[PDB]
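**Student:** Can you keep this structure in mind? I'll have questions shortly.
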Amino acid sequence: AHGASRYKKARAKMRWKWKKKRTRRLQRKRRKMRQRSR
Amino acid sequence: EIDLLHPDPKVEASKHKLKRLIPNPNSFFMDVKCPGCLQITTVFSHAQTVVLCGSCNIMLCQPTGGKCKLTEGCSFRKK
Amino acid sequence: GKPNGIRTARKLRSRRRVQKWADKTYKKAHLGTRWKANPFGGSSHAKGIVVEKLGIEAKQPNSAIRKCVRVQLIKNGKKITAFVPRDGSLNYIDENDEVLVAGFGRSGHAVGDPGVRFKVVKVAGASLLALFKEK
Amino acid sequence: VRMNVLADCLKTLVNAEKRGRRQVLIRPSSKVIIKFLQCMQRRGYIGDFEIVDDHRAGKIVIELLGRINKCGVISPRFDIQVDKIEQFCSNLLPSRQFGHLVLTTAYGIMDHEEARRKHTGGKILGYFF
Amino acid sequence: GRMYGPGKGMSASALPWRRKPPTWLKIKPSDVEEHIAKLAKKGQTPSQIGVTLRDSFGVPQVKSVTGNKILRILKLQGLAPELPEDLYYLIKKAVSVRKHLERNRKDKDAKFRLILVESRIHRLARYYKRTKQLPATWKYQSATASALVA
RNA sequence: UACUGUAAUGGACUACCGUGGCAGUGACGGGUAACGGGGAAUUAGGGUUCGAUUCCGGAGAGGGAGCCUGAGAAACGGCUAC
RNA sequence: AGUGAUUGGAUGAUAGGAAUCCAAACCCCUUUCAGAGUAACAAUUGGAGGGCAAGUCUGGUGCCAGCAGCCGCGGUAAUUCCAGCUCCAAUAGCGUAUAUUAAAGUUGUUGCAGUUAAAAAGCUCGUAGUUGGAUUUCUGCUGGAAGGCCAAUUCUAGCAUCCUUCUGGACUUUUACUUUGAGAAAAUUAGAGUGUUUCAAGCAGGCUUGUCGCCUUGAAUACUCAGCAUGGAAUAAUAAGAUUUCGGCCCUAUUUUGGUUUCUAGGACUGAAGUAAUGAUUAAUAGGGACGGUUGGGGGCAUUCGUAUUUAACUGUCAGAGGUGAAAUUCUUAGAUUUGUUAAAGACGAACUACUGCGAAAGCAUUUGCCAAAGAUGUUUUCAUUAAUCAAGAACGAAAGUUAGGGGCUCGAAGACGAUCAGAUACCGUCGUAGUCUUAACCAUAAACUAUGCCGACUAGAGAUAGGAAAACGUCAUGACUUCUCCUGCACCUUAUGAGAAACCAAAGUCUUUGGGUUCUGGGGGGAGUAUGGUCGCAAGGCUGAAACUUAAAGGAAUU
Numbered sequence: 005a006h007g008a009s010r011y012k013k014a015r016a017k018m019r020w021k022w023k024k025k026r027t028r029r030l031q032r033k034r035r036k037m038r039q040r041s042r
Numbered sequence: 017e018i019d020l021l022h023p024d025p026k027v028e029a030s031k032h033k034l035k036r037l038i039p040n041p042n043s044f045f046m047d048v049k050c051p052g053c054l055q056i057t058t059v060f061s062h063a064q065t066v067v068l069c070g071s072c073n074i075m076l077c078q079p080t081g082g083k084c085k086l087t088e089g090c091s092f093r094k095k
Numbered sequence: 010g011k012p013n014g015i016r017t018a019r020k021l022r023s024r025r026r027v028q029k030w031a032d033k034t035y036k037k038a039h040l041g042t043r044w045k046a047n048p049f050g051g052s053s054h055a056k057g058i059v060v061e062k063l064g065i066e067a068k069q070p071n072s073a074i075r076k077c078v079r080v081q082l083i084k085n086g087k088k089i090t091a092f093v094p095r096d097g098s099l100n101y102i103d104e105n106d107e108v109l110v111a112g113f114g115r116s117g118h119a120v121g122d123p124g125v126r127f128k129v130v131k132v133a134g135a136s137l138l139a140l141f142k143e144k
Numbered sequence: 755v756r757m758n759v760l761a762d763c764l765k766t767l768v769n770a771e772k773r774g775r776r777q778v779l780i781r782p783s784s785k786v787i788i789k790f791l792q793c794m795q796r797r798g799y800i801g802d803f804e805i806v807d808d809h810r811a812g813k814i815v816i817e818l819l820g821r822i823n824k825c826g827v828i829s830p831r832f833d834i835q836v837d838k839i840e841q842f843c844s845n846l847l848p849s850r851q852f853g854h855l856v857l858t859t860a861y862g863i864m865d866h867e868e869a870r871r872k873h874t875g876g877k878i879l880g881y882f883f
Numbered sequence: 003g004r005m006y007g008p009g010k011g012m013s014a015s016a017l018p019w020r021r022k023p024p025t026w027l028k029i030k031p032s033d034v035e036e037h038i039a040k041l042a043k044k045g046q047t048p049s050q051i052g053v054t055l056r057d058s059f060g061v062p063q064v065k066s067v068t069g070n071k072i073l074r075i076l077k078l079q080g081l082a083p084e085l086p087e088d089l090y091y092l093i094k095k096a097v098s099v100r101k102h103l104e105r106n107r108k109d110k111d112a113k114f115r116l117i118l119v120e121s122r123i124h125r126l127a128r129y130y131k132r133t134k135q136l137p138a139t140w141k142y143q144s145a146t147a148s149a150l151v152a
């Protein structure tokens, strides 16, 4: 996890707001693909 | 340099009610003389109600925040 | 802070058993995954057969080819790469030769210069030190 | 709100000790505090004290000297068993020579030196040195 | 710090040191007990008696003059209320807010405050059942609360 | 409640009758590379980990089940069956 | 005092007897013939950059082979590789691997940490759970038994109005607590005694020309939550909140077989006269409630106003207007942009507006009215511990987003072109749908921040400020202002022998001189708020939440 630090960005990084969104699109896709195989 | 046992009369008069060494009330009672009647009435200094006379209701004092106002020229003696 | 009072045994006792699991070393002991994980069976040493002779390169800064061996444990037939200690000795192994495997001494993890957790203690039961020494 | 009466007063004492006052008042006072202050007073850690009789819990005003380094309180009030008075003061007090644990016992509130020779333990109350 | 709010107010009546005062006062223990039983019959709460006494008449306190408190005198005479005054005035407050709230449903602040008063009624009732000032198995119901007041 | 059965007490078992009992202080279920304890290792105090193994209990004789003889066995260096 | 193979003469390893041991061999202990001079009867195992004690030695190798637990050596001069020499450490042992204990105050009861390093639920209610203010025979003098030491310290009887039914136990609410005592197998563990040659051990021995041998021989003792018992004055739970003589009433067993019936003896039941002071602690600088005059951009529902922006209308006048860093898309003689007077529409409430107020937090600025509600202050009113904090569980929770109706001015994720640029799906520009606004449901998260949990006590001053209250022959006209005190707010400045890693901090203080009460959270950095399972959701997603493998540093505050 990460909790409060979540977006510390102490050193050059991707940027948390973008990172959260990128993972959401990966996750959303995982759903329809897993429901397709039912 | 300090005396907690024997504090000064001047300073302990200034302090709050409860923060004094012995707590006691700074309110008091009054023998009030309204202008018409020769009668007298024992009235609390801080009165929460509109106090009427002993017969045929005039009005001694109207309630405020703290001490009640006494109605026009009428004398009052502390107990 | 904590609860100090005399009847607070449950809260004190419950908090330890829950938050003991926050340790990394406590989980490696006390979970069930220790028995499935490792190629070893919670054991010190294990024999196996050398399926192949292999060479791997140390991560920078150090550069070289380290000479390790891929082995299958007899009990589980699980492949592992075991480093061969000292100069040469690669010639000594012989494919299909039984070799004793011992921990690298780091409790798995990794050693120094990649992804190897085992060392071959003996070859054909001869042992590495005897031969390198030639004694 | 205000659970231990003794616990507030010894923090009130030890603060105004370290600031370096001649005398301090404490509140709300109790039967336990006067007995706790009485067994300081024997060993010579504070001077006299009055206890004003207001119609309430009351206020205790103590004259004090520059003598207590610290006094404190052990909540929770643990039980101790005469064997284990020596184990506590090895942990708690600054040395074996001086200082006092002080602990309520069925023969009154007393120091650990008195509790040894009377040969009865009890519940630990606090300490001073 | 009160209870429900964050407010931390120190305001209170601070009673005097001396008892059985005052030297100036006279009347009687007996005559004051007649006045209290008179004003209780008029229909007037234990708080409202001692306000009416110290304001207009003499007596600073009844516990000074007589041995007993005001609610002790009422309960001896048998002119006491059915339920105690603090529980009465919390229920009457709760009934007043329920008239407002079922008119104005979108008032969220009134909905918040009704939880706080009715929470206090439940826990303050649990006191009065323990001291046996209320019949056993006596419980607050928002159906039957309005008739219970007056 | 009243039998029955036992070396005797018991839902141990059988007839009828009532609707109970346990649980957030962890019931019920799962895991244990778990037989329990007396103990062992560990150099303040408090602890943490181990205890198949000299003694004391417990259980078992490849897996389950049944039984004879006898004061005592559901025995296995006794028997019957799968 | 150490070196120098320079010679020099002075006990068992071994091999075989003897007796002893042994059920029969054997080993030990005794004594025996042989038995060491590079004492060839030859000590090894790991190291020598740091941590870690011990070489800037000499050859070979040249980011190769290899070392290396970690940091790091090796690219042609290696204090680390492969050798030699010398030295170090332990020594008949020493190295390695795995598990485990200490180190680990890196699981923290003793005893950690949570503003910024890992970590205070967005915020209130709340049931268990944990924790709970003060107060109820204290003082004095006279003994008694002991008592350590050149009278203190224990324990105990009396007397200040102190029970009794008897000749040790019954009553004193009940436990916890503490004390002493019972009972609880040894072995192991600590430990008394004792030369198994020492020692680990073992439980034996020790005296002695005496013979029914002796030491009336030793092998002590401790240790072993819950349970049983007991002395006791505190602390803390917990309980509660009549008597004295007379009679009707009425059942029940001894002694002088069962029926009979009295008697007395004693029970439990209800009247009549008498005694005792006839029986309720205070009112927390805890809490609830009442009452009084106020305070507030707190909440809901109406109502009302103000300019502006866009559109439309007419009314002028006439070529540019718009926009930019600079231009273009766009709008324009079928009259834009600018001038003026209206009308409609829906937003939003400028300036006053602040290191100000109100609100549980989210949040809340036009006028007036209505509806409940709240704090602080004042109070010689009232109840009398009703309280604090809270696993479950419950209410509210900006913005965006969703669902179904209204409304749609402006702004404006998407989209559209026009620029800029190497390209520019962006910054800039011009249009512009969802959305923005409102009623009715959902959602439940934000750098939801004071990145500081909530009650309580005490620490240090000065000047401001908001609300209330009291005083002054105060100044000007019930109020405004001045001076002074009190609580309650948001803060601010200064300073600390208070704290901190420092930045900074009246709390982050009163914490190794460590314990006032309580809730939640964290244990190197990733993997990951991912996977799977659960549950809430219409969805978006929320709450709960791993592992394999990976890595020696991530991170904090200041300095140059």
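Residue numbers (this note's numbering), protein chains in the order written: chain P, 5 to 42; chain Z, 17 to 95; chain G, 10 to 144; chain Y, 755 to 883; chain C, 3 to 152. We put the beta carbon where it would ideally sit given N, CA and C, even for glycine.
1. For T57(Z), write down the residues that DSSP places opposite it in a beta bridge.
2. For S849(Y), decide whether its Cβ has a neighbour in chain G, counting only Cβ atoms nearer than 8 Å.
3. Closer than 7 Å to a non-hydrogen atom of the ligand ZN - does that hold for the CB of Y90(C)?
4. Where does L760(Y) fall in DSSP's three states?
5. Pick out whichever of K36(G), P70(G), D96(G), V120(G) has its Cα sitting closest to the Cα of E143(G).
6. Any C-beta of chain Z sitting closer than 8 Å to the C-beta of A16(C)?
7. What do you get for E61(G), buried or exposed, if any count of 16 or more other CB atoms within 10 angstroms of its CB means buried?
8. Note down, one range per segment and in chain order, each alpha helix (DSSP H) of at least 4 residues found wholly within the stretch 21-93 of chain C.
9. CA-CA distance, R756(Y) and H809(Y)?
10. In chain Y, what lies closer than 7 Å to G14(G) by C-beta?
11. Answer yes or no: do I74(G) and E107(G) have a C-beta to C-beta separation smaller than 8 Å?
12. My output table needs one value for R36(Z): the three-state DSSP class, helix, strand or coil.
13. Under 8 Å, do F882(Y) and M794(Y) count as touching if we go by C-beta distance?
14. Between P25(Z) and chain Y, is the shortest Cβ-Cβ distance under 8 Å, so that the two count as touching?
15. Of all the residues that make up the stretch 59-79 of chain Z, which are near chain C by a beta-carbon distance shorter than 7 Å?
16. Let me check understanding here. Comparing Cα to Cα, which of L126(C), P62(C), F114(C), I51(C) lies closest to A82(C)?
17. With 8 Å as the C-beta to C-beta threshold (strictly closer), list the residues of the stretch 802-824 of chain Y near chain Z in chain order.
18. To the nearest angstrom, how far is it from the Cα of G51(G) to the Cα of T34(G)?
19. What whole-angstrom Cβ distance do residue 1(C) and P48(C) have, given they're in contact under 8 Å?
20. Have a look at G798(Y) and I816(Y) and give me their C-alpha separation to the nearest angstrom.
21. Taking CB distances under 8 Å as the criterion, tell me whether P39(Z) reaches chain Y.
22. For the structure I just gave you, are there three or more beta carbon pairs, one from the stretch 55-67 of chain C and one from the stretch 96-110 of chain C, closer than 8 Å?
23. Pick helix, strand or coil for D106(G), following the three-state DSSP scheme.
24. What residues match up with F92(Z) in a beta bridge as DSSP calls it?
25. Runs of 3 residues minimum, wholly inside the stretch 61-130 of chain G: which ones carry the beta strand (DSSP E) assignment?
26. For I878(Y), which beta-bridge partners are listed by DSSP?
27. Are the C-beta atoms of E28(Z) and some chain Y residue less than 8 Å apart?
**Tutor:** In brief:
1. Residue mapping note: residue 57(Z) aligns to position 41 of the second sequence, counting from 1. Per DSSP, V48(Z).
2. Numbered from its first residue, the fourth sequence carries residue 849(Y) at position 95. By this cut-off, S849(Y) is not an interface position.
3. By its list of ligands, the structure shown contains no ligand whatsoever, and the ligand ZN lies outside what it can speak to.
4. For the purposes of this step, residue 760(Y) is taken as the residue at position 6 of the fourth sequence. If DSSP states are grouped into helix, strand and coil, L760(Y) belongs with the helices.
5. As a position in the third sequence, residue 143(G) is number 134, starting the count at 1. Nearest option by C-alpha distance: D96(G).
6. Taking the first residue of the fifth sequence as 1, we reach residue 16(C) at position 14. So, interface residue.
7. As a working note, residue 61(G) is residue 52 in the third sequence. By the 10 Å Cβ count, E61(G) comes out exposed.
8. 31-44, 48-58, 64-67, 72-79
9. Locating residue 756(Y) in the fourth sequence gives position 2, where the first residue counts as 1. Locating residue 809(Y) in the fourth sequence gives position 55, where the first residue counts as 1. Going by the C-alpha atoms only, they are around 20 Å apart.
10. Within the third sequence, residue 14(G) is the residue found at index 5, counting from 1. Near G14(G) (Cβ distances below 7 Å), the residues of chain Y are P830.
11. Counting from 1 along the third sequence, the entry for residue 74(G) is found at position 65. Counting from 1 along the third sequence, the entry for residue 107(G) is found at position 98. Not closer than 8 Å, so no.
12. If you number the second sequence from 1, residue 36(Z) lands on position 20. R36(Z) falls in the coil class under three-state DSSP.
13. Indexing the fourth sequence from 1 puts residue 882(Y) at position 128. Indexing the fourth sequence from 1 puts residue 794(Y) at position 40. Result yes, Cβ atoms of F882(Y) and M794(Y) sit closer than 8 Å.
14. Mapped onto the second sequence, residue 25(Z) falls at position 9. Cβ-Cβ to chain Y under 8 Å: no for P25(Z).
15. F60, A63, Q64, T65, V67
16. As a working mapping, residue 82(C) is identified with position 80 in the fifth sequence. The shortest C-alpha separation from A82(C) is found at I51(C).
17. So the close ones are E804, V806, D808, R810, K813, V815.
18. Your numbering for residue 51(G) matches position 42 in the third sequence. Your numbering for residue 34(G) matches position 25 in the third sequence. Roughly 15 Å between the two C-alpha positions.
19. Not covered by the structure: residue 1(C). The range shown for chain C is 3 to 152.
20. Locating residue 798(Y) in the fourth sequence gives position 44, counting from the first residue. Locating residue 816(Y) in the fourth sequence gives position 62, counting from the first residue. In a straight line, the C-alpha of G798(Y) is about 13 Å away from that of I816(Y).
21. Locating residue 39(Z) in the second sequence gives position 23, where the first residue counts as 1. Closer than 8 Å: yes.
22. no
23. For the purposes of this step, residue 106(G) is taken as the residue at position 97 of the third sequence. DSSP places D106(G) in coil when its eight states are reduced to three.
24. Taking the second sequence and counting its residues from 1, one reaches residue 92(Z) at position 76. Its beta-bridge partners are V48(Z).
25. Secondary structure within the stretch 61-130 of chain G: the beta strand (DSSP E) runs of 3 or more consecutive residues, fully enclosed, are 77-82, 88-92, 108-112 (chain order).
26. Your numbering for residue 878(Y) matches position 124 in the fourth sequence. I878(Y) is bridged to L857(Y).
27. Position 12 of the second sequence, counted from the start, is the residue given in the question as residue 28(Z). Closer than 8 Å: no.
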